[PDB]
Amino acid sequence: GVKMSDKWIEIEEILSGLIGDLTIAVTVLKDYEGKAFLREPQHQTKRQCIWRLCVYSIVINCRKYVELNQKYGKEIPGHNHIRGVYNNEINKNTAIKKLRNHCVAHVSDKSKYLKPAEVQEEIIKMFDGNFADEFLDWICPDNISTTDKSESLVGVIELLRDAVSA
């Protein structure tokens, strides 16, 4: 029959998942980047596989954050602005959607397919160069505790979760 949507339950859930998945993808990636030997030529394949593992998860979740936004203008408005800012950054960075789409597409759906060299290019575009620090810190900085939560995606997503918990 009919019922209440419990929108807010679903939203708290999704927000919480976003915080954890984005945080862990960054942490894992940084952990492995801390192993210098992985930058050697005989480990390139393995290293690339780690990057895809973490990057695919980041892009899937960045898009989810946008999709949540476009579904729920039912949002607390004291943060209405910072939220749109992060929403906008993600759309601006088109490598994100491109990577998500490829990673998630059905094998038969080749309209979204990126060849391996293309995936590599898209990853460089996403990070805006050869250095991951900026983008990673923008997703989730180390010791996010002592951090202006306006200054990272995960902090902003936490700003919303905590508000919704009320």
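In this text, residue numbers run from 1 along the sequence as written.
- In this entry, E75 is separated from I76 by 4 to 9 residues of the deposited sequence that have no coordinates.
- The question of which stretch, 109-117 or 43-51, has the higher mean Cα B factor is settled in favour of 109-117.
- Just going by the entry, 142-150 versus 7-15 on mean CA temperature factor gives the higher value to 142-150.
- Among the modelled residues of its chain, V28 has a C-alpha B-factor that falls in the lowest third, as given in the PDB entry.
- Sort the chain's modelled residues by C-alpha temperature factor and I90 lands in the middle third, per the entry.
- In the deposited entry, the Cα temperature factor of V104 sits in the middle third of values across the chain's modelled residues.
- Among the modelled residues of its chain, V66 has a C-alpha B-factor that falls in the middle third, as given in the PDB entry.
- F131: CA B factor lies in the middle third for its chain, per the PDB record.
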